[PDB]
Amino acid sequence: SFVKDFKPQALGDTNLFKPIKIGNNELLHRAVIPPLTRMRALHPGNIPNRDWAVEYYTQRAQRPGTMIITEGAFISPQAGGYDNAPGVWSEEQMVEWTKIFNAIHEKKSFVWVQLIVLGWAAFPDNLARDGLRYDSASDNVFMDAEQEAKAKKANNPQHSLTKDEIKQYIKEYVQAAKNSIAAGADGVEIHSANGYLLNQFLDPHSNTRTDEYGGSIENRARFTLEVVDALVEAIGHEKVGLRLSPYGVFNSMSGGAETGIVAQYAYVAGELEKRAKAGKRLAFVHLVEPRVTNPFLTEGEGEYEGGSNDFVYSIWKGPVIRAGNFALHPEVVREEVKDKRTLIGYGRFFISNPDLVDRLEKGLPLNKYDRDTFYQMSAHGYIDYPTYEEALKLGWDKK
């Protein structure tokens, strides 16, 4: 059914519908699909879903010139720990990704692979089963009591990475980025948000290290910036973006409660601008808004009102993608896109509306999403959400 208490607004008269170039890609509008883990990849081997993934992405690529960022993809077995999220390290995986990229390109849209490394968000028992470590920045602070306990039970207690192990992850990021481009992707997004491994290094709660990778703003940003630099060198700055969530608390990050949090992220933004001024400007910075500090809370919940991402614009001078509770708030989007280098990521409502872009342009009702099928091994709630035309045929205008 359609969202009941929503008053749509046509956004066709705003910059949301002005073309913009991101990296090598000529976008025809500025509604971006942010990375959305859906858990349809198959075990063993973390293989993108052989039955449904092409169709899922094809549907959501339907508006020409749409930028799509993939669900997070593991750079290596050690980077993983969810059996039904995909990877980008193996031939088996890349065969499926190539089909997905080809399908998106046939719709005249674009695709950027998000590269993820779980750190303490991984399931330690899955990792133990596969003979893998349970990794984080530190070994004396944990995501939660359940994760700590699971790790101990699995004889796999949380491990603080050595410098050599950090370097090994960097090698895997590089190879994953190369794999992605070779298979046809337009670029990659480095995930440094949402409390995954890179964020675990950025955040002083999760990073209690006393070596060069912790203990100061510059040290906490070191790993993230090393990944940025390694990927820029490997595949070019025009094929690399970075995702950050300054005010996020998901996966036990600090958010605004940490008085030093803005400084930590301002430093990262500054270092990206320094690289840009030196001739290597990333394609984009992607920010999760304080509008959504935890994406598994219903829209309007977990909204942090004590901080703004606006500071990033004083520092980084390139494109900025912003995501978080924008679908239900066209009045906010109308104001944000007045800035000519701002794009808007729509997550949950792109799950439920394959034709979201048309709906945004024309001010149409939105399909309600079904949270129960966000992570299911099913075509249901994945590829069977209707377009607006299909919804009318189903009588949703009268439900």
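Numbering starts at 1 and runs along the sequence shown.
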Practice task
Give the stretch, out of 162 to 170 and 190 to 198, with the larger mean C-alpha temperature factor in the deposited entry.
Solution key: 162 to 170
Exercise for the section: Take the C-alpha B-factors listed in the entry for 151 to 159 and for 178 to 186, compute each mean, and give the stretch with the larger one. Expected result: 151 to 159
Problem - Maximum C-alpha temperature factor, selected from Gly119, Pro295, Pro319, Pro290 - result: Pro295
Practice task
Could you tell me which one of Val141, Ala266, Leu115, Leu242 shows the highest CA temperature factor in the PDB record?
Solution key: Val141
Exercise for the section: Determine, from the deposited record, the chain-internal third of the Cα B-factor for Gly307: lowest, middle or highest. Expected result: middle
Completion exercise
Among the modelled residues of its chain, the C-alpha B-factor of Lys108 falls in the third labelled highest
Handout entry: Chain-relative CA temperature factor third for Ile75
Key = lowest
Problem - Within-chain third of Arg209 by Cα B-factor, per the entry - result: highest
Fill in the blank from the handout: Sorting the chain's modelled residues by C-alpha B-factor and splitting them into thirds places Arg220 in the lowest
